[PDB]
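Contents: one structure, followed by commentary.
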Amino acid sequence: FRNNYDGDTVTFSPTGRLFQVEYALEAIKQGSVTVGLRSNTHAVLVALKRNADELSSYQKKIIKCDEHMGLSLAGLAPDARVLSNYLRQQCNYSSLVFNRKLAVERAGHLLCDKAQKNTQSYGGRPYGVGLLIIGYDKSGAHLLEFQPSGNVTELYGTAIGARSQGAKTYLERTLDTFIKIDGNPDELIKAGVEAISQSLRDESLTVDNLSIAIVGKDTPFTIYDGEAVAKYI
Amino acid sequence: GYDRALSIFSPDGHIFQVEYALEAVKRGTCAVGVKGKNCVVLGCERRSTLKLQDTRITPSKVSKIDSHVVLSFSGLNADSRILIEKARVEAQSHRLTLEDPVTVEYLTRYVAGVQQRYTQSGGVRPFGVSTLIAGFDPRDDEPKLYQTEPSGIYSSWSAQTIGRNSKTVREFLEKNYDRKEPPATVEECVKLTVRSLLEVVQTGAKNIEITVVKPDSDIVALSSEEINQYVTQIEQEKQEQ
Amino acid sequence: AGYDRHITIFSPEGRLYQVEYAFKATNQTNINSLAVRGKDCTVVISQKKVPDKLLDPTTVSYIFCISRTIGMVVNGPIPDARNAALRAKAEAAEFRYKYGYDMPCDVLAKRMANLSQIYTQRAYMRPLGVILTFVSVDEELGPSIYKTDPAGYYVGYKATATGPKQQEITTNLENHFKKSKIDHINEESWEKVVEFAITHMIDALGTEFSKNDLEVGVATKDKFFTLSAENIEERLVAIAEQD
Amino acid sequence: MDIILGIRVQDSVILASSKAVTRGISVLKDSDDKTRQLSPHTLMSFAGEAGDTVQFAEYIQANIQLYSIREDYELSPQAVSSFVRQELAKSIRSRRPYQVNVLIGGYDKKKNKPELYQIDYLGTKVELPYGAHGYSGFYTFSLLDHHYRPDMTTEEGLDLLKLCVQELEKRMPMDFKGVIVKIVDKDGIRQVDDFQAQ
Amino acid sequence: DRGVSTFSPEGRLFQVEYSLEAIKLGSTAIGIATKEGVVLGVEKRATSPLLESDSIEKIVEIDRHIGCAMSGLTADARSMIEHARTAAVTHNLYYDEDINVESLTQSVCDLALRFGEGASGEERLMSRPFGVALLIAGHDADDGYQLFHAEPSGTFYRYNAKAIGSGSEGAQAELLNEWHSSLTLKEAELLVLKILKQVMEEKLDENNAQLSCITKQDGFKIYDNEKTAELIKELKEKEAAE
Amino acid sequence: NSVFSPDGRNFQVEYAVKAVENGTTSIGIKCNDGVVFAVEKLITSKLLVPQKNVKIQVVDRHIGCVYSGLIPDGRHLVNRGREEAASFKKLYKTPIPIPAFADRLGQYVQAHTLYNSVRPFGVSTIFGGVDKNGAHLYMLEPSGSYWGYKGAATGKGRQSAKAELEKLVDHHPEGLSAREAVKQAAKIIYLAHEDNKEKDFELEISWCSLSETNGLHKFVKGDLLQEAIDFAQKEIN
Amino acid sequence: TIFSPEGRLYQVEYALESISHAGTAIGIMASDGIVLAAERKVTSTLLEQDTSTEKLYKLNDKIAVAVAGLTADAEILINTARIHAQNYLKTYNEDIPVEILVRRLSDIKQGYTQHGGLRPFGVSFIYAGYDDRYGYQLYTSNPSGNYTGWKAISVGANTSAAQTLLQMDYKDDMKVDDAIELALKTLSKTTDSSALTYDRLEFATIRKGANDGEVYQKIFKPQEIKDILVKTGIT
Amino acid sequence: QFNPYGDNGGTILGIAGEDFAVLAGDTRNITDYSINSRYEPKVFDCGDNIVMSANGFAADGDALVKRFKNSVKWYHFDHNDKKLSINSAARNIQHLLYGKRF
Amino acid sequence: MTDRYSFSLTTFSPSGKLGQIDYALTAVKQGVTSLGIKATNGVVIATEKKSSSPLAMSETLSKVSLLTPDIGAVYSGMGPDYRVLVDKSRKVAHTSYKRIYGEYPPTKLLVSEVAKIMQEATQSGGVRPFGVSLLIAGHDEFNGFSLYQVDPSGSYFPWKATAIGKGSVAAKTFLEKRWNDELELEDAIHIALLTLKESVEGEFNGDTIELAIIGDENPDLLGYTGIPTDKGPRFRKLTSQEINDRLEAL
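Rendered as structure tokens:
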């Protein structure tokens, strides 16, 4: 009943479930926490990085995709590299061929369709990474949540990774505050940093611990690490 | 085409197909290589399923790769041909483009490369062959001896053995090979090679064969009788109470 | 999980389970069909069952127009039925283009049978769970019925039937010909051949039919056409005033 | 034009090849060796198109050498030449054919005969007592028709060439800067490296 | 037992997890990054006295500014080294400069991804993951001296100090205590040698342990035995008075 | 998948159906000069931007598609649908007839039940439009099977929705109006939410009508959507 | 094509096992020729022996094979071996040396042992041939791609009994006629029939063709086996 | 026959100073004896403090500038936002051009 | 899409058997009995036309097929397999031979070609062996008349007379008793008709029996006159009528 039905993605279980896809989803559950949230003028990614040792790097979890777009990861880092690279190419195709910046919503559709093919092909595996996509385009600010199942949804804010449920709780309740933080980048970042806290038994996010990204009305997607994030701790 | 993965990891981190390839090597007849002061000597054995053979036409275990380097093997004979052919082609291709014969080390790295590649390719199994490769670099007199195994690993040896009961003969060679004083001559080097073989083979009848490689493409095989001159002078000599 | 139960390889007794199950599949729609030959026509009849009230009945069919001259009826599930229908249309058009004349009914049956034979022998292909009945008035052979199954088998028929009640309908027809001594319905109008076909369908199934319980295809020289409910009602009226 | 001569005496084959390499208005080399050893008892000489000439020769050499080591055995001159011919014959109908003419001279240890094969870029093979490629043949063929004898010594064969070279140094328009001479016999290949100032 | 790249219910790739087990069975490699250089040290670990110890290549040059120590199934590292060298030389060709250490590592980690039985990509020509971890050390103008751990997963991490191999758990704990942001190259050299001496299953001499470093000014140099033996003499002395 | 079970059925397809039965409820309603599509959208969280996670998809300019089950599978299908529509238009100049479009998806879906290397689709798809001769509504199951419908429903609340549709059909033999079917779709979606109501839902409706949209697929926005949401709310109190 | 825990090739071992049930073939090498003898598997009265071949095949004019195993698998390999000989002859204008053709066939076999996932050929060959580098040569190849040379050898059913008897009665200075006799003797004792009749046999010799200094291949006619069976005291 | 090339006129001028450089060009675009535009710029800021002009066949010029701008973009992506030095640009441009040697 | 079984479905089992080939032979065992008999001036192949319902038209089913004007085939086992083997065999007689040499292949060589096709299904990835055994009866100028049997393995052997299928054991014996190397064609037809009488359960007439001969050349079956150097095909299917006439004098 859960036995010979989780061999590959090319197999349904008698319940109607695709187990390999569910197990891929699981790699997210045990990934470091990341948060996304947006107002009407900006969108913000806050990613808590995870270290293997005290002597190590906290490994980067935010990848830039275009001047107006980028994303944060949780799960398999290499899978985030494949998908964001595909996204870079797509964004780039929209620019060269059409002189048009790619709509965040279309980037979602594109990611969805790419992930889908890997839920139906033999000798392939689902992607094992969740992604949070912020962007600013012709219809304003956008946050997207990508699931390796292919499911993409547009949100005002969200969180993925370990203990994300607490951050997503807080954001559900902070809604009408953060959605109104227009023309004020640093109060939106702060609202995001405050959100990621409700997911820490851990410790008190430190200088190397924290990574922030923002995109907005007159702000190209920029990443901040170490020194420049200290003023948010 | 077919590319189902055969060589894969087990939970303890072993690649079982590579592992069983080594078992096939330990199943094959013995080969020994020992390098001297101005030489390197290779030595093998033969089995006994039947003995109505014609030995003019049956493949010797020492193969010429180029005129200055030889390859011997333990394991599956059929597999070894494929490595020998490829090694021989590469040696010609190196001369054609570098205008220089291969160094012994380069040829080894190539053969080990081929073996490695067959450990990580869909729908192929690793070679059940481990090799000793020996000779002298062009315009050089320092002796060279190397060993490859099914995993693709290689390294140089003062002396070394592979195949069935190589456990025993490596034991011998570890006591008897002095790093300080290599077997200084061609003669005393063949001596150590026959001795190390003796306790594994039985009689040196239609089984023990020997090949000597000197610098500048000088490679000669011995005759049954010239082997017997070492057989006779060691059995009766090293017997005294 | 025995491999000879899942892919088309022989079992110890030299059997092909998937083919056997493909046959089982052909009765899934609980539909009987029958075909008969007239003097200058060929008629196919099949039960039409519309259970769901939400269905549009005019889209529920198991009869297919393959070419100007050839018609086909399928016993088996509709997805497989349509797959085989699309292919036969492709083959019939291709034949005409390459060879300069209309693909004869029997040759299409043979080609379809060979295609099915391949799924019988190759492992990655499942057989199609269908029996295809082909009908036409061949320009060389006259009224023709050729029938293929998931094994790759095909043969010509005087008449035939397919479905859950295949056996009863067959012996019913066998009996008619035994008595009439000839191998066709001696009747110059196709309307009477239809009437005959429906009549023996009624007697063998032990059921009366309304106009929406049937589906009729007729093949005449150089056309195959299906009947509407009204042309069927007029056939059902005529049988009532006699039988 | 590039002088490639070959003369087969009784116990040996003698190849003479010009030493000049000339691109355009300049003689770039006066000591080029237009020859590759295919086996201890088989020598090939070549002339033709600038690039193809040496690439083909070396490609043939590597193949014969490969065969040698694979069988611990030396192919006969006849077998070597058939290989060379087949290679050229395939080449002539490919996208860019090798434009190389060759002479193959070898000693057949099994038969104890010397053997000379002439093969042009089209893959036309023939065995001959004497041969040439290019313009040189328009002089040497008739000269050897006269002076050649089938049962000559190697030393007599070297006099016949001295005549051939002399004639070519008198009547050919271009300065081919002398010849390198090589003898293939039962012992092998050696160079008579003192033929120009002889 | 069903496929290569298949997920466990825990959401890990079976074959990747088992490749890591192979690396645990490998010979220890230790890297220490300082501000005067990066030091790489390895355990030779001969399987017999007759093995010519200096024919053991477990520290290799990638480019003049980049070096590499390995651990695990070392035969698998041949094609990664080859790929790394090509990446670095190629980069110099296209850009007339030195490849960044991070970029070089990323490229090697891309190679690591290309496993799977005809897996849906563009294309995966490789049947299994590598059975070898790499420590990549080098210098560049931008991010200075650097050390990287590259696992057969395709993931890579940057470290101040790192140990990979059989003695890695013991060695890592030791590195945590000993490492500070002021370690001099000569100190780092001694520390590598010391930590190797603790975790080697022989007595650390100049034949079964190899040191190497990369300085901006001199590039990547492997230490020859005489230079190592001096440091070994000198470690024993330094650890006698204390 | 390329495997028949001993009863003649296809067990991989059978399980695909389970995935569909497990999905959001979506419906189609044919009316006298068009079709109307509607769908239930579960509100996972307050954080979903309302109206901004569109489920209904257009094919060409005149076909609507909605589906229940594995959403990515549905999107894959529509992509194929769109290539199938462009290929037809390119060659034949005319826009694709709905029956023709039905068979194109039919054949493609059916293909994925043929080979053991592929899995079937985890969606039932409801689609239709106005072509050169009338309105057409279709439903297509994971097996490839499809038929014309007066009304169609699939998903968790398919039984209650199918019952409602049956009522309409029987009580409107003269056909329903486009304007009416929009409101009724709203009612029917509310009345399938009963069997899925642990989460909150958003209603989404599209239509294709000869008189109301010129035979083009269009979304029901603003007033007309609100009027429908009202009509549905009214007939539950 | 995969390894066992012990280091053996599963399908290869089973292929050899398959061959161990096939009709016995024997090769015996003399000073002045080679004998090939093969026994047909339990036959019938109605089986045509005239236009029949199944165990002895001509490869070129200087080389023949004896077959133990699957006939149809063997015809695949016979035909490509026939082609390899012809490519060699076309390339070099010299006949293919016996060993070289044998190495090639053995290399093809070895292929099905290392890659592709196809089953090995269920065939063993005895090669009888002549060339001017080694003269008369007898070879054996099996599904593992292994090849060895022989003075006398047997393949197929009862090779153990066969090998004992040949090892007993074979001597280096034999003439072809004694080798023919030994071949029949051995088969007489190893058969699973009552007696050895002519229609259960195939027979071939590679001789120095009496007077010419040239090499001849003789595939014995039904009558000629019946004859050679009489003068050796088997009638 | 179809000729894939044209000549859009057009002159460019680069001068390097001690701590600055200038790249200038005319703004006229022509075909044979006609003026297509009086203001069509052909000197471009490509980011990373590099200016570029590809004069001659305008279609080919544009294609090249487009690709170098993309080259700069991907250099940032692949090499941790590193500033592309002028010498490194020069070399990268040789490769762009030489890719079309034939 | 694509083929994903690129490995052999017929493999050696520990005992040395190839299972899938054996199972194909078991399939052939259930097949309707067929036979061939070789005369001094002909060959006869014959089988039963097992009908399924008398509504089926047995004449439309070809169990005895012409492969070339001089060669014919008949089978026991799986009809659909035989039908595709016939079509491949005809095509290969052309591609491998007629288009090269301007004449049809001799029997042994066409038989060899069929055998090759069957063997390849024994070894290629993703396939089962053919579940038929064939009897192929032909004549060629240099070999005269011959009869061959081809089995699922690809093995083929020549027979003076034989039978395959359901009543093969019984019929092989019946033939052994009746075959001598002096039979005229009409005698072999008679013997074949006798042997086939033992197999059939139901009716035994010209519409339940399919029977073909390879005999003399039939000029009237050629379709044209004026080239004296072909006198027509040696293959002839006996008509329903002609079978019955030999039955009354049986």
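Chains as they are written, first to last, in full-length UniProt numbering: chain A, 2 to 234; chain B, 3 to 243; chain C, 10 to 252; chain D, 1 to 198; chain E, 9 to 250; chain F, 12 to 248; chain G, 11 to 245; chain H, 20 to 121; chain I, 1 to 250. Even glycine gets a Cβ: it sits at the ideal position worked out from N, Cα and C.
Expected contact under 8 Å - CB spacing of residue i and residue j to nearest Å
i, j, result
"A:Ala-160", "A:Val-36", "5 Å"
"F:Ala-239", "F:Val-193", "5 Å"
Chain A contact residues for residue i, given Cβ-Cβ distances below 8 Å
i, result
"E:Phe-138", "Going along chain A, no residue has its Cβ under 8 Å from E:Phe-138, so there is no contact; the nearest lies around 13 Å."
Where residue i falls, given that 16 or more other Cβ within 10 Å makes a residue buried
i, result
"B:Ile-10", "buried"
"F:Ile-107", "buried"
"A:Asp-7", "buried"
"E:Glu-90", "exposed"
"D:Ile-25", "exposed"
Per-residue contacts from residue i into chain G (C-beta, under 9 Å)
i, result
"D:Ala-79", "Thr-101, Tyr-102, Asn-103 and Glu-104"
Residue-chain proximity (residue i, chain H), Cβ-Cβ < 9 Å
i, result
"residue 238 of chain A", "What the structure shows of chain A is the stretch from 2 to 234, and residue 238 of chain A is not part of that stretch, so it cannot be assessed."
Contact list for residue i against chain C, beta-carbon separation under 7 Å
i, result
"F:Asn-127", "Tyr-133"
is_contact[residue i, chain F] using C-beta, thresh 9 Å
i, result
"A:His-110", "yes"
Any C-beta of chain I under 9 Å from that of residue i
i, result
"F:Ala-239", "no"
"F:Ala-122", "yes"
"G:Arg-92", "no"
Where residue i meets chain H, residues with beta-carbon distance less than 7 Å
i, result
"residue 294 of chain E", "Here chain E comprises residues numbered 9 to 250, so residue 294 of chain E is not present and cannot be evaluated."
Proximity test, Cβ basis, 9 Å: residue i and chain A
i, result
"E:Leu-21", "yes"
"F:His-147", "no"
Residue i at chain E interface by Cβ criterion, 9 Å
i, result
"B:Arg-166", "no"
Chain E contact residues for residue i, given Cβ-Cβ distances below 7 Å
i, result
"H:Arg-110", "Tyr-102, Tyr-103 and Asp-104"
Inter-stretch contact (C-beta, 8 Å, three-pair minimum) for the region 211-219 of chain G and the region 228-236 of chain G: Contact between the region 211-219 of chain G and the region 228-236 of chain G is present, because at least three Cβ pairs lie under 8 Å.
Sufficient close CB pairs (3 or more, under 8 Å) joining the region 120-138 of chain C to the region 146-160 of chain F: Between the region 120-138 of chain C and the region 146-160 of chain F, the count of C-beta pairs closer than 8 Å stays below three; the two stretches do not touch.
Given 8 Å, three or more beta-carbon pairs between the region 170-179 of chain G and the region 196-209 of chain G: At 8 Å Cβ cutoff, the stretches touch.
Cβ contact (3+ pairs, closer than 8 Å) linking the region 114-134 of chain F and the region 74-90 of chain C: Verdict: yes, contact present.
Inter-stretch contact at 8 Å, needing at least 3 Cβ pairs: the region 241-250 of chain E / the region 21-28 of chain C: Judged by pairs of C-beta atoms under 8 Å, the region 241-250 of chain E does not touch the region 21-28 of chain C, as fewer than three such pairs exist.
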